[PDB]
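Index from 1, following the sequence.
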Amino acid sequence: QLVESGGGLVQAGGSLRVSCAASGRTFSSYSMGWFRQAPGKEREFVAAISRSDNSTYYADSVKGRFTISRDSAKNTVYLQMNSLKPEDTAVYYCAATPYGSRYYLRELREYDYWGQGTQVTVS
């Protein structure tokens with residue numbers, strides 16, 4: 001079970017942090033990813049954190065601006081967004097995959113559990 005929080009309206013060039021909380025007993029058996037859907041576009045990969053070694057991976061559009069962190073105590077993952085662009089406006093979904101490999105983390109087809117999504121609107 002996955003629940004996102006922290007969406008909303010933010011100015012262009014600003015920062016925003018969204019979070020995703022899991023079940024608790026399943027925290028250490030699944031890598032966590034973020035996917036987004038912009039108005040009218042296909043949902044796409046954003047970022048992921050590997051359960052194997054806590055290394056993180058980013059889509060070309062966000063690399064350097066967006067970062068993912070983990071708080072194991074709260075069974076929560078965070079997507080920090082810096083220098084937001086109008087093109088970043090989208091519904092952000094968190095998802096869980098049992099794979100640890102970077103090559104699996106960037107693939108929508110390989111995730112088994114999905115959140116409900118949180119809207120991020122960049123003015």
For side chain to side chain contact (heavy atoms under 4.5 Å, CB included), just list the numbers for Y57 and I68, CA-CA rounded to whole Å, side-chain angles, deciding distance to a tenth of an Å, and then say yes or no. CA-CA 9 Å; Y57 303 96; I68 294 188; over 6 Å; no
Run the ring-ring contact (aromatic ring centres under 6.0 Å, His included) check on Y92 and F35 step by step: do they pass? CA-CA 6 Å; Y92 285 75; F35 293 86; over 10 Å; no
Given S19 and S5, is the side-chain hydrogen bond (donor to acceptor under 3.5 Å, both in side chains) satisfied, shown in steps? CA-CA 5 Å; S19 58; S5 56; 2.7 Å; yes
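In this structure, the side chain of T121 does not engage the main chain of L9 through any donor-acceptor pair within 3.5 Å.
Put simply, the side chain of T89 does not reach to within 4.5 Å of the side chain of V120, judged on heavy atoms. Looking at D112 and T97, their side chains never come closer than 4.5 Å, going by heavy atoms from C-beta outward. Contact annotation: the side chain of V62 approaches that of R36 to within less than 4.5 Å [non-hydrogen atoms, C-beta and beyond]. Under the 4.5 Å side-chain criterion, counting only non-hydrogen atoms from C-beta, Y93 is not in contact with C20. When side chains are defined from C-beta on, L84 does not count as touching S15, because their heavy atoms never get closer than 4.5 Å. Residues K85 and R65 meet the side-chain proximity criterion, which asks for heavy atoms closer than 4.5 Å. Side-chain contact check for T56 versus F66: every heavy-atom pair is 4.5 Å or farther apart.
Hydrophobic cluster membership is shared by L108 and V91, with clusters built from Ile, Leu, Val, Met, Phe, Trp and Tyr side chains linked at under 4.5 angstrom. Hydrophobic clustering (ILVMFWY, side-chain heavy atoms < 4.5 Å, transitive): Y99 and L2 are in distinct clusters. Tracing side-chain contacts under 4.5 Å through hydrophobic residues (I, L, V, M, F, W, Y), one never reaches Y104 starting from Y58; they form parts of separate clusters.
The nearest pair of heavy atoms linking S123 to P86 is O-CG, 4.0 Å. Heavy-atom minimum distance, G6 versus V18: O-CG1, 3.5 Å. The two residues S50 and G100 come nearest to each other via the heavy atoms OG-O, 2.7 Å. Contact detail for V122 and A12: the closest heavy-atom pair is CG1-CA, 3.7 Å. Nearest heavy-atom pair across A59 and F45 is CB-O, 3.2 Å.
The distance from the CG atom of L16 to the CG atom of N82 is 10.0 Å, given to the nearest 0.5 Å. Taken from CD1 in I49 to OG1 in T67, the straight-line distance is 10.0 Å, to the nearest 0.5 Å. A distance of 10.5 Å separates CG of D60 from CD of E44, quoted to the nearest 0.5 Å. The distance from atom OG of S31 to atom OH of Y111, rounded to the nearest 0.5 Å, is 6.5 Å. Atom-to-atom distance recorded for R51:CZ and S29:OG is 7.5 Å, nearest 0.5 angstrom. For the atom pair CD (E87) and NZ (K41), the distance works out to 8.0 Å, reported to the nearest 0.5 Å.
Side-chain contact annotation: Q116 with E4, donor-acceptor N/O pair under 3.5 Å present. A donor atom on one side chain and an acceptor atom on the other are not found under 3.5 Å apart for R17 and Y78. Under 3.5 Å, the side chains of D71 and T76 contain no donor-acceptor pair of N or O atoms.
Under the 6.0 Å distance and 45° angle rule, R43 counts as a cation-pi partner of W114.
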